[PDB]
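[1] Coordinates for the following, if possible.
(chains A, B, C, D, E and F)
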Amino acid sequence: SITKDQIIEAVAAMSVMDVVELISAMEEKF
Amino acid sequence: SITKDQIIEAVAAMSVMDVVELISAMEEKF
Amino acid sequence: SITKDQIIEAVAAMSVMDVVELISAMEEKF
Amino acid sequence: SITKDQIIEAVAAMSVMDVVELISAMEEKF
Amino acid sequence: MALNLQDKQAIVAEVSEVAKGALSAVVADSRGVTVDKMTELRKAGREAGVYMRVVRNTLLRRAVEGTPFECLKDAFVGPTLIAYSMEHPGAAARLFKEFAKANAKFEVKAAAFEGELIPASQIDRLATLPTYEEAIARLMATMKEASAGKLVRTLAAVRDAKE
Amino acid sequence: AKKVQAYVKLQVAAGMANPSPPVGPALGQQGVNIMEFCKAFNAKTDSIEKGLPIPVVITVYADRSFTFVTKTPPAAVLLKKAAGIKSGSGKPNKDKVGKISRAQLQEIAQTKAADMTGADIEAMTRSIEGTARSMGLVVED
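    Residues are numbered from 1 along each chain as shown, chains lettered A, B, ... in the order given. There you are, the coordinates:
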């Protein structure tokens, strides 16, 4: 997929969702 | 939109793409 | 030997295939 | 390109060639 | 002992260790113990071997004039006391470390590690080839590329961002 | 290891541990306890076997009992269990009494891998060789 899509989403993706998203993505690998 | 399904389905962002993304996330944040 | 920009541009193999290129670089090991 | 061969041309090779590749790998990406 | 013949023997041998040798380590020994031989040659039990020798040949005009075997810039590598370390077989890998972490246990003196051949140069202690057969270190030198370097920075914010 | 603090080795066999009559008050007088010699020893000793002499370093500073790190037995007393005669030297060089070979004493040399001076597994043989020759035993190589 285009980089700007992943960037737009992972940047916005609200907050209430986002902090429970990217954090979980830090809780999956590494 | 979706979070974990598009993270698991992404798992790609070829390091050209990936690193580029990083840099362009440095064009918005940090 | 020495196929540089190409062996590294092979990163279009994404993340999971990379997990493979790590695994096989060790496995049948500890 | 096939990942298997990409690993085959890496694993059993000689270490200087490896280091020269590592340092130049610290430059291109990241 | 013996004469100039014994000399020539000692030199042609110890500097053959510098001709066909894998690596070289120059170390000044003051307060050098027997527990030193009991260190390098104990590390020779399960790790190293008889593949290693360290003679005190800092007899200089013996061990230096005795290098038509082409060790240059070594006049400067001849000051004071030195214990020559040479490897015929095996990697040049671990030996440098053995002394590096020997002398830091106070273990005599390192001569500040004056440096020796196969760079063929002056004094600095580098990390070049302790790191081989460690290639898991390269497994982590990839840094996962697109993944772990992504979970470092691309996901940095959500934990460091709300402020 | 540094140099010296304390240590002693006096004993007969592990078959009877902490013997009163052979040593007794002489097993040690330091700050080593005669009754307390029967614990930290038999802990490992009874964990492997008995009957072989086991010397050891005795490390004592200021505190109560002592700490001893055991390594290997003597290779001279290994001629009693599997070699030959129950005794020793006897009339050592006046006649050929016992005879061992290259085959035997091999795994005997192999048993101590933390106790030798050698990087050479070929060299560390001829060390124990003499240990077989102290009583005047001829070697068939």
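[2] Could I get the contacting residues of the residue in chain E that chain D sits nearest to?
    Taking Cβ to the nearest Cβ as the measure, the point where chain E comes nearest chain D is residue E:132, at 4.3 Å. Where C-beta positions appear, they are placed from N, C-alpha and C, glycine not excepted. Neighbour list for residue E:132: D:15, D:18, E:91, E:93 [criterion: Cβ atoms under 8 Å, 6 or more residues apart in numbering or on different chains].
[3] so what's the third one up against?
    Listed by Cβ under 8 Å, 6+ apart, the contact partners of residue E:91 are E:22, E:129, E:132, E:133.
[4] The last one contacts residue E:94, doesn't it?
    So that's residue E:133. No - judged on Cβ atoms under 8 Å, residue E:133 makes no contact with residue E:94 at a distance of 9.7 Å.
[5] out of the two, which sits in the busier spot?
    residue E:94 (18 against 12; other Cβ atoms under 10 Å in any protein chain shown).
[6] Can you name the helix or strand that that one falls in?
    helix E:93-103 (DSSP states H and E).
[7] I'd assumed residue E:108 was in contact with residue E:32.
    Yes - look at residue E:32 against residue E:108 with Cβ under 8 Å: they come within range, at 4.4 Å.
[8] So which of these two has more stuff around it?
    Each of residue E:32 and residue E:108 has its neighbours counted (other Cβ under 10 Å); residue E:108 has more, 21 against 16.
[9] Which single residue of chain E ends up nearest chain C?
    Counting by Cβ to the nearest Cβ, chain E gets nearest to chain C through residue E:147 (4.7 Å).
[10] How about the contacts made by residue A:7?
    The contact partners of residue A:7, taken as Cβ under 8 Å, 6+ apart, are B:21, B:24, B:25, B:28.
[11] Now do the strands in chain E.
    Counting by DSSP state E, chain E has strands at residues E:24-27, E:52-55, E:83-87.
[12] Give me the contacts around the last one.
    Meaning strand E:83-87. Counting by Cβ under 8 Å, 6+ apart, E:14, E:17-18, E:21-29, E:32, E:51-58, E:63, E:95, E:99 sit against strand E:83-87.
[13] Nearest spatial neighbour of the residue nearest the centre of chain A, chain-adjacent residues omitted?
    By Cα atoms, centre = their mean, chain A has its centre lying nearest to residue A:10, at 3.6 Å. Closest residue to residue A:10 apart from its sequence neighbours, by Cβ to Cβ, 6 or more residues apart in numbering or on different chains: residue A:22 at 6.7 Å.
[14] Which single residue of chain E ends up nearest chain F?
    Residue nearest to chain F within chain E (Cβ to the nearest Cβ): residue E:44, separated by 3.8 Å.
[15] Residue E:87 - how many residues pack around it?
    Neighbour count of residue E:87, defined by other Cβ under 10 Å: 23.
[16] what about the residue nearest to it when sequence neighbours are not counted, neighbour count?
    In space, and not counting its chain neighbours, residue E:87 is closest to residue E:22: 4.1 Å by Cβ to Cβ, 6+ apart. Residue E:22 sits with 18 neighbouring residues when counted by other Cβ under 10 Å.
[17] In contact with residue E:60, which residues are there?
    residue E:78.
[18] ok, now which ones touch residue F:108?
    Residues near residue F:108 by Cβ under 8 Å, 6+ apart: F:75, F:78, F:128.
[19] mind redoing it with 6 Å?
    residue F:78 (Cβ atoms under 6 Å, 6 or more residues apart in numbering or on different chains).
[20] Could you look up the SS state of it?
    helix (DSSP: H, G, I helix; E, B strand; the rest coil).
[21] Tell me how far the residue of chain E closest to chain F lies from residue F:120.
    Per Cβ to Cβ, to the nearest Å, residue E:44 is found 9 Å from residue F:120.
[22] Between the two, tell me which one has more neighbours.
    Neighbours per residue (other Cβ under 10 Å) separate residue E:44 from residue F:120, with residue E:44 holding more: 18 against 13.
[23] Look up the closest residue to the more buried one, ignoring the ones flanking it.
    Among residues not flanking residue E:44 along the chain, residue F:119 sits closest, at 3.8 Å (Cβ to Cβ, 6+ apart).
[24] what about the one you found, how many residues close to it?
    20.
[25] As a check, name the ranges of all strands in chain F.
    Counting by DSSP E, the strands of chain F are F:99-101, F:138-140.
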